[PDB]
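Trainee: Compact mmCIF, N, CA and C atoms, file data-v4.txt:
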```txt
# COMPACT_ATOMS: atom_id res chain seq x y z
N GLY A 1 -14.58 6.92 1.74
CA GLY A 1 -14.86 8.32 1.44
C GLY A 1 -13.89 9.24 2.13
N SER A 2 -12.61 8.94 2.04
CA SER A 2 -11.61 9.74 2.70
C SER A 2 -10.93 10.69 1.72
N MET A 3 -11.26 10.55 0.41
CA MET A 3 -10.62 11.33 -0.67
C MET A 3 -9.13 11.02 -0.67
N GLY A 4 -8.84 9.74 -0.42
CA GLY A 4 -7.49 9.26 -0.25
C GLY A 4 -6.59 9.53 -1.41
N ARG A 5 -5.38 9.86 -1.11
CA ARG A 5 -4.40 10.11 -2.10
C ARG A 5 -3.47 8.94 -2.23
N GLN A 6 -2.81 8.87 -3.35
CA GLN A 6 -1.93 7.77 -3.65
C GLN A 6 -0.70 7.80 -2.75
N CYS A 7 -0.29 6.65 -2.34
CA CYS A 7 0.81 6.52 -1.44
C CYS A 7 2.00 5.93 -2.15
N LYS A 8 3.14 6.54 -1.99
CA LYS A 8 4.33 6.08 -2.63
C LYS A 8 5.03 5.14 -1.69
N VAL A 9 5.69 4.18 -2.24
CA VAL A 9 6.36 3.17 -1.46
C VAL A 9 7.74 3.65 -1.14
N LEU A 10 7.99 3.87 0.12
CA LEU A 10 9.24 4.40 0.57
C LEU A 10 10.14 3.31 1.12
N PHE A 11 9.55 2.31 1.76
CA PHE A 11 10.32 1.28 2.42
C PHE A 11 9.98 -0.10 1.87
N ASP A 12 10.87 -1.05 2.10
CA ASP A 12 10.76 -2.41 1.55
C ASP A 12 9.83 -3.24 2.39
N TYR A 13 8.91 -3.91 1.76
CA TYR A 13 8.05 -4.80 2.48
C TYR A 13 7.98 -6.13 1.79
N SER A 14 8.51 -7.10 2.46
CA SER A 14 8.44 -8.44 2.04
C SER A 14 7.23 -9.05 2.74
N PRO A 15 6.17 -9.28 1.99
CA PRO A 15 4.90 -9.74 2.52
C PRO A 15 4.97 -11.12 3.15
N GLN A 16 4.13 -11.30 4.12
CA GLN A 16 4.02 -12.53 4.89
C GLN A 16 3.04 -13.44 4.18
N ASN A 17 2.11 -12.81 3.52
CA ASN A 17 1.08 -13.47 2.76
C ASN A 17 1.07 -12.84 1.41
N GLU A 18 0.58 -13.53 0.42
CA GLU A 18 0.55 -12.98 -0.93
C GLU A 18 -0.65 -12.04 -1.11
N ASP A 19 -1.49 -12.02 -0.09
CA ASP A 19 -2.62 -11.11 0.00
C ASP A 19 -2.11 -9.73 0.32
N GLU A 20 -0.93 -9.69 0.87
CA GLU A 20 -0.25 -8.48 1.17
C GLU A 20 0.45 -8.05 -0.10
N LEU A 21 0.20 -6.85 -0.51
CA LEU A 21 0.71 -6.33 -1.74
C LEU A 21 2.21 -6.08 -1.63
N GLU A 22 2.95 -6.55 -2.63
CA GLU A 22 4.38 -6.36 -2.66
C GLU A 22 4.74 -4.94 -2.88
N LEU A 23 5.35 -4.41 -1.89
CA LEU A 23 5.73 -3.03 -1.89
C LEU A 23 7.08 -2.86 -2.52
N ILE A 24 7.07 -2.36 -3.73
CA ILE A 24 8.27 -2.11 -4.47
C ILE A 24 8.68 -0.66 -4.25
N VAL A 25 9.87 -0.49 -3.72
CA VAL A 25 10.37 0.82 -3.33
C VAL A 25 10.53 1.74 -4.52
N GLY A 26 9.83 2.85 -4.47
CA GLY A 26 9.92 3.82 -5.51
C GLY A 26 8.63 3.98 -6.25
N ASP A 27 7.84 2.94 -6.29
CA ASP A 27 6.62 3.00 -7.07
C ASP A 27 5.50 3.62 -6.24
N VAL A 28 4.37 3.81 -6.83
CA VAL A 28 3.26 4.44 -6.18
C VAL A 28 2.04 3.52 -6.25
N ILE A 29 1.33 3.41 -5.17
CA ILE A 29 0.18 2.56 -5.12
C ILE A 29 -1.07 3.39 -5.07
N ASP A 30 -1.99 3.05 -5.93
CA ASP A 30 -3.27 3.69 -5.97
C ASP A 30 -4.18 3.00 -4.98
N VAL A 31 -4.44 3.67 -3.90
CA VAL A 31 -5.25 3.14 -2.84
C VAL A 31 -6.72 3.49 -3.08
N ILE A 32 -7.59 2.58 -2.72
CA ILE A 32 -9.01 2.82 -2.85
C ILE A 32 -9.47 3.53 -1.59
N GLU A 33 -9.27 2.88 -0.48
CA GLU A 33 -9.68 3.36 0.79
C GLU A 33 -8.93 2.53 1.82
N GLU A 34 -8.77 3.04 3.02
CA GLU A 34 -8.13 2.27 4.05
C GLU A 34 -9.19 1.49 4.81
N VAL A 35 -8.88 0.27 5.15
CA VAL A 35 -9.87 -0.56 5.79
C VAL A 35 -9.61 -0.77 7.27
N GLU A 36 -8.37 -1.04 7.63
CA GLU A 36 -8.04 -1.27 9.03
C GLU A 36 -6.74 -0.60 9.41
N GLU A 37 -6.76 0.74 9.46
CA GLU A 37 -5.64 1.63 9.88
C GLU A 37 -4.32 1.35 9.14
N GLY A 38 -3.63 0.30 9.57
CA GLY A 38 -2.41 -0.10 8.98
C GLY A 38 -2.62 -0.70 7.64
N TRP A 39 -3.63 -1.52 7.52
CA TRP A 39 -3.88 -2.21 6.28
C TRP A 39 -4.79 -1.42 5.36
N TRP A 40 -4.21 -0.97 4.28
CA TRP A 40 -4.90 -0.26 3.24
C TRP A 40 -5.17 -1.21 2.10
N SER A 41 -6.06 -0.82 1.22
CA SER A 41 -6.39 -1.64 0.08
C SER A 41 -6.20 -0.85 -1.21
N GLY A 42 -5.34 -1.35 -2.06
CA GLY A 42 -5.06 -0.69 -3.30
C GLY A 42 -4.45 -1.65 -4.26
N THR A 43 -4.17 -1.20 -5.44
CA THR A 43 -3.61 -2.07 -6.43
C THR A 43 -2.37 -1.45 -7.05
N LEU A 44 -1.38 -2.29 -7.24
CA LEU A 44 -0.18 -1.90 -7.90
C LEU A 44 -0.15 -2.61 -9.23
N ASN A 45 -0.49 -1.87 -10.26
CA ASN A 45 -0.50 -2.34 -11.65
C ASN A 45 -1.58 -3.37 -11.92
N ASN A 46 -1.34 -4.61 -11.54
CA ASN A 46 -2.30 -5.67 -11.82
C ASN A 46 -2.60 -6.50 -10.59
N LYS A 47 -1.89 -6.27 -9.50
CA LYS A 47 -2.16 -6.98 -8.28
C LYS A 47 -2.83 -6.08 -7.26
N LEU A 48 -3.95 -6.52 -6.79
CA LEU A 48 -4.71 -5.87 -5.75
C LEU A 48 -4.35 -6.54 -4.44
N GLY A 49 -4.13 -5.78 -3.40
CA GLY A 49 -3.78 -6.39 -2.16
C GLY A 49 -3.86 -5.45 -1.00
N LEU A 50 -3.52 -5.97 0.15
CA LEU A 50 -3.51 -5.24 1.39
C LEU A 50 -2.10 -4.82 1.67
N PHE A 51 -1.90 -3.62 2.11
CA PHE A 51 -0.57 -3.15 2.40
C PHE A 51 -0.55 -2.29 3.64
N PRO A 52 0.49 -2.42 4.47
CA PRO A 52 0.63 -1.63 5.67
C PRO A 52 1.13 -0.20 5.39
N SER A 53 0.42 0.77 5.92
CA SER A 53 0.68 2.20 5.76
C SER A 53 1.91 2.68 6.55
N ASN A 54 2.79 1.77 6.87
CA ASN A 54 4.02 2.08 7.56
C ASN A 54 5.09 2.35 6.53
N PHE A 55 5.11 1.52 5.50
CA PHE A 55 6.15 1.55 4.48
C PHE A 55 5.76 2.48 3.34
N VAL A 56 4.51 2.88 3.34
CA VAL A 56 3.99 3.77 2.33
C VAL A 56 3.44 5.01 3.01
N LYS A 57 3.66 6.14 2.42
CA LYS A 57 3.12 7.39 2.94
C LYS A 57 2.25 8.06 1.91
N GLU A 58 1.18 8.65 2.37
CA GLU A 58 0.33 9.46 1.53
C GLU A 58 0.95 10.86 1.51
N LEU A 59 2.01 11.00 0.73
CA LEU A 59 2.76 12.25 0.72
C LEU A 59 2.66 12.95 -0.60
N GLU A 60 1.85 12.42 -1.44
CA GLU A 60 1.65 12.96 -2.72
C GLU A 60 0.22 13.44 -2.82
```
Just give me the structure as structure tokens.

Mentor:
Amino acid sequence: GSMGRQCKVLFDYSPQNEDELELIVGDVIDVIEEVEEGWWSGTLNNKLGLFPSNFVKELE
């Protein structure tokens, strides 16, 4: 319930696990809610995953 806004991918993230969402630079990820500070939960097109809020900013 943070009224979270979509975060655009600014930096490259090569995931350590496939549970980690592949951050493609330039695209935007629709986040549901953040679960553990760094690790947010959202889906990029058809893959749902966890992504670190370091490489993505809620600037939109």

Trainee: Kindly indicate which residue among A:44, A:39, A:60, A:55 lies nearest to residue 12 in chain A, using all atoms listed in the file for the distances.

Mentor: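 For residue 12 in chain A, the nearest of the given residues is A:55.
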
Trainee: Give me the residues within 8 Å of range 24-29 of chain A as a count of residues only, counting all atoms listed in the file and dropping any in the same chain fewer than 4 places off.

Mentor: 16

Trainee: Using DSSP on the backbone coordinates, identify the residues of chain A assigned to strand (DSSP E or B); present them as a VMD selection string.

Mentor: chain A and resid 7 to 9 13 20 23 28 to 36 39 to 44 47 to 52 56 to 57

Trainee: Given only C-alpha atoms as the basis, pick out the residue of A:4, A:23, A:30, A:18 nearest to residue 54 in chain A.

Mentor: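 Checking each of A:4, A:23, A:30, A:18 against residue 54 in chain A, counting only C-alpha atoms, the winner is A:23.
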
Trainee: Separation of CA of residue 17 in chain A and CA of residue 3 in chain A, in Å?

Mentor: 27.6 Å

Trainee: Work out how far apart CA of residue 16 in chain A and CA of residue 2 in chain A are and give it in Å to one decimal.

Mentor: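 Between CA of residue 16 in chain A and CA of residue 2 in chain A the gap works out to 27.3 Å.
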